[PDB]
file upload_32.cif (mmCIF, N, CA and C atoms)
data_target
loop_
_atom_site.label_atom_id
_atom_site.label_comp_id
_atom_site.auth_asym_id
_atom_site.auth_seq_id
_atom_site.Cartn_x
_atom_site.Cartn_y
_atom_site.Cartn_z
N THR A 1 11.31 -5.99 15.05
CA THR A 1 12.27 -6.33 13.98
C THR A 1 13.69 -6.09 14.47
N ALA A 2 14.64 -6.25 13.58
CA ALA A 2 16.06 -6.04 14.00
C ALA A 2 16.96 -5.82 12.79
N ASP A 3 16.48 -6.19 11.63
CA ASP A 3 17.29 -6.01 10.39
C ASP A 3 16.72 -4.89 9.52
N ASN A 4 15.59 -5.15 8.92
CA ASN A 4 14.97 -4.11 8.06
C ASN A 4 14.39 -2.99 8.90
N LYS A 5 13.50 -2.23 8.31
CA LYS A 5 12.88 -1.11 9.06
C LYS A 5 11.43 -0.93 8.63
N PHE A 6 10.62 -1.91 8.90
CA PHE A 6 9.19 -1.81 8.51
C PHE A 6 8.33 -1.35 9.68
N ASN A 7 8.15 -0.06 9.76
CA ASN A 7 7.33 0.49 10.87
C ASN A 7 6.67 1.81 10.50
N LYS A 8 7.36 2.63 9.74
CA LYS A 8 6.75 3.94 9.35
C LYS A 8 5.36 3.75 8.72
N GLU A 9 4.40 3.57 9.56
CA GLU A 9 3.00 3.36 9.08
C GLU A 9 2.92 2.42 7.87
N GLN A 10 3.85 1.49 7.76
CA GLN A 10 3.82 0.55 6.60
C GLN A 10 3.03 -0.72 6.91
N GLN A 11 3.62 -1.56 7.70
CA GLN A 11 2.96 -2.84 8.07
C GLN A 11 1.48 -2.63 8.37
N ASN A 12 1.22 -1.78 9.32
CA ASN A 12 -0.19 -1.51 9.70
C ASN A 12 -1.04 -1.12 8.50
N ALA A 13 -0.61 -0.12 7.79
CA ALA A 13 -1.41 0.31 6.62
C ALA A 13 -1.59 -0.82 5.61
N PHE A 14 -0.52 -1.48 5.26
CA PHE A 14 -0.64 -2.60 4.27
C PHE A 14 -1.91 -3.40 4.53
N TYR A 15 -2.03 -3.96 5.70
CA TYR A 15 -3.26 -4.74 5.96
C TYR A 15 -4.50 -3.94 5.57
N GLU A 16 -4.42 -2.65 5.70
CA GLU A 16 -5.59 -1.80 5.34
C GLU A 16 -5.65 -1.55 3.82
N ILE A 17 -4.53 -1.17 3.24
CA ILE A 17 -4.52 -0.92 1.76
C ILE A 17 -5.32 -1.98 1.03
N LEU A 18 -5.34 -3.16 1.57
CA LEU A 18 -6.08 -4.25 0.90
C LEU A 18 -7.57 -4.23 1.23
N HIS A 19 -8.10 -3.05 1.36
CA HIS A 19 -9.56 -2.93 1.67
C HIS A 19 -10.22 -1.82 0.84
N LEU A 20 -9.41 -0.89 0.38
CA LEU A 20 -9.94 0.24 -0.44
C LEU A 20 -10.98 -0.26 -1.50
N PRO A 21 -12.28 -0.06 -1.23
CA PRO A 21 -13.35 -0.52 -2.14
C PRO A 21 -13.45 0.29 -3.43
N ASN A 22 -12.72 1.37 -3.51
CA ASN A 22 -12.81 2.19 -4.75
C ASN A 22 -11.72 1.90 -5.78
N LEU A 23 -10.90 0.88 -5.58
CA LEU A 23 -9.85 0.62 -6.61
C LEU A 23 -9.76 -0.83 -7.02
N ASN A 24 -9.17 -1.03 -8.18
CA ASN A 24 -8.99 -2.40 -8.68
C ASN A 24 -7.65 -2.88 -8.19
N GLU A 25 -7.41 -4.15 -8.26
CA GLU A 25 -6.11 -4.61 -7.76
C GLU A 25 -5.00 -4.56 -8.78
N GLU A 26 -5.31 -4.44 -10.03
CA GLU A 26 -4.18 -4.38 -10.99
C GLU A 26 -3.21 -3.31 -10.50
N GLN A 27 -3.76 -2.16 -10.23
CA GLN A 27 -2.92 -1.05 -9.73
C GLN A 27 -2.52 -1.32 -8.28
N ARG A 28 -3.50 -1.66 -7.47
CA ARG A 28 -3.17 -1.93 -6.05
C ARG A 28 -2.17 -3.02 -5.97
N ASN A 29 -2.54 -4.20 -6.37
CA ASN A 29 -1.57 -5.31 -6.32
C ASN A 29 -0.23 -4.80 -6.78
N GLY A 30 -0.24 -3.85 -7.67
CA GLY A 30 1.05 -3.32 -8.16
C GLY A 30 1.93 -2.83 -6.99
N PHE A 31 1.54 -1.73 -6.38
CA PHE A 31 2.40 -1.23 -5.28
C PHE A 31 2.65 -2.28 -4.22
N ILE A 32 1.62 -2.76 -3.66
CA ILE A 32 1.82 -3.76 -2.62
C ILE A 32 2.48 -5.04 -3.10
N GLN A 33 2.17 -5.48 -4.30
CA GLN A 33 2.84 -6.74 -4.73
C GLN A 33 4.30 -6.63 -4.45
N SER A 34 4.81 -5.43 -4.54
CA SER A 34 6.25 -5.28 -4.25
C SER A 34 6.46 -5.30 -2.73
N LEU A 35 5.50 -4.77 -2.00
CA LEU A 35 5.62 -4.76 -0.53
C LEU A 35 5.78 -6.17 0.04
N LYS A 36 5.10 -7.13 -0.53
CA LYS A 36 5.24 -8.52 0.00
C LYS A 36 6.39 -9.28 -0.66
N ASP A 37 6.49 -9.19 -1.95
CA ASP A 37 7.59 -9.91 -2.65
C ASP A 37 8.88 -9.09 -2.66
N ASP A 38 8.78 -7.86 -2.25
CA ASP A 38 9.98 -6.99 -2.23
C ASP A 38 9.82 -5.91 -1.16
N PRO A 39 10.15 -6.25 0.08
CA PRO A 39 10.04 -5.29 1.18
C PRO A 39 11.01 -4.10 1.03
N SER A 40 11.29 -3.71 -0.19
CA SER A 40 12.22 -2.57 -0.41
C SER A 40 11.50 -1.21 -0.47
N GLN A 41 10.91 -0.90 -1.62
CA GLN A 41 10.19 0.41 -1.75
C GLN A 41 8.80 0.34 -1.12
N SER A 42 8.57 -0.71 -0.42
CA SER A 42 7.25 -0.90 0.24
C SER A 42 6.78 0.34 0.99
N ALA A 43 7.70 1.05 1.57
CA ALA A 43 7.30 2.26 2.32
C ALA A 43 6.81 3.35 1.37
N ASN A 44 7.62 3.69 0.43
CA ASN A 44 7.21 4.72 -0.51
C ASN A 44 5.91 4.28 -1.18
N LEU A 45 5.77 2.99 -1.39
CA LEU A 45 4.53 2.48 -2.02
C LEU A 45 3.35 2.90 -1.17
N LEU A 46 3.49 2.72 0.11
CA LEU A 46 2.41 3.10 1.01
C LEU A 46 1.92 4.49 0.64
N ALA A 47 2.82 5.42 0.61
CA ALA A 47 2.40 6.81 0.26
C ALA A 47 1.61 6.85 -1.05
N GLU A 48 2.26 6.47 -2.11
CA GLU A 48 1.59 6.48 -3.44
C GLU A 48 0.21 5.81 -3.42
N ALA A 49 0.08 4.73 -2.70
CA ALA A 49 -1.24 4.04 -2.65
C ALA A 49 -2.33 4.95 -2.08
N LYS A 50 -2.14 5.37 -0.86
CA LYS A 50 -3.15 6.26 -0.23
C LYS A 50 -3.59 7.33 -1.22
N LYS A 51 -2.67 7.76 -2.04
CA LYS A 51 -3.02 8.80 -3.04
C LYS A 51 -3.94 8.21 -4.11
N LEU A 52 -3.53 7.09 -4.64
CA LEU A 52 -4.36 6.43 -5.69
C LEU A 52 -5.77 6.14 -5.14
N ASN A 53 -5.93 6.25 -3.84
CA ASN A 53 -7.26 5.99 -3.24
C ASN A 53 -8.25 7.08 -3.62
N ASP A 54 -7.98 8.28 -3.18
CA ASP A 54 -8.89 9.41 -3.50
C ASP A 54 -9.04 9.58 -5.01
N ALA A 55 -7.97 9.36 -5.72
CA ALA A 55 -8.04 9.51 -7.20
C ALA A 55 -9.19 8.69 -7.79
N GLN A 56 -9.83 7.90 -6.96
CA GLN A 56 -10.96 7.08 -7.47
C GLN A 56 -12.03 6.86 -6.40
N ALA A 57 -11.88 7.52 -5.28
CA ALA A 57 -12.88 7.35 -4.21
C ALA A 57 -14.02 8.39 -4.36
N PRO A 58 -15.28 8.00 -4.13
CA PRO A 58 -16.39 8.94 -4.26
C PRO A 58 -16.24 10.11 -3.29
N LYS A 59 -16.93 11.18 -3.57
CA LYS A 59 -16.83 12.36 -2.68
C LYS A 59 -18.04 13.27 -2.85
N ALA A 60 -18.08 14.32 -2.08
CA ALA A 60 -19.23 15.26 -2.19
C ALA A 60 -19.14 16.07 -3.47
#
call {"tool": "encode", "arguments": {"input": "upload_32.cif", "output": "structure tokens"}}
result
Amino acid sequence: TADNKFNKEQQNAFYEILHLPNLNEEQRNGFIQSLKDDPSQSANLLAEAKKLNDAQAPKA
């Protein structure tokens, strides 16, 4: 890149965020929808998403 700053584990994770089998997209599409249509808070979104993962992922 040369203008914005999409690298802090954002781009890479994004492709992954779209795989979490334990969540619906209403919420997911929410954070990321901004990541694609608005590369602004996309980074902070990354953080919040990973969190919303466990909040609904099975466990022991």
call {"tool": "resolve_selection", "arguments": {"input": "upload_32.cif", "expression": "the PyMOL selection byres (((chain A and resi 2-15 and name CA) around 7) and name CA)", "output": "number ranges by chain"}}
result
A: 1, 16-18, 43, 46
call {"tool": "resolve_selection", "arguments": {"input": "upload_32.cif", "expression": "the PyMOL selection byres ((chain A and resi 21-37) around 8)", "output": "number ranges by chain"}}
result
A: 14, 17-20, 38-46, 48-49, 52-58
call {"tool": "axis_aligned_box", "arguments": {"input": "upload_32.cif", "around": "region 42-60 of chain A", "padding_each_side": "5 Å", "output": "JSON"}}
result
{"center_x": -5.3, "center_y": 7.6, "center_z": -2.7, "size_x": 37.8, "size_y": 27.0, "size_z": 20.1}
call {"tool": "select_by_dssp", "arguments": {"input": "upload_32.cif", "residues": "chain A", "states": "alpha helix (DSSP H)", "output": "ChimeraX atom specification"}}
result
/A:11-17,25-37,42-54
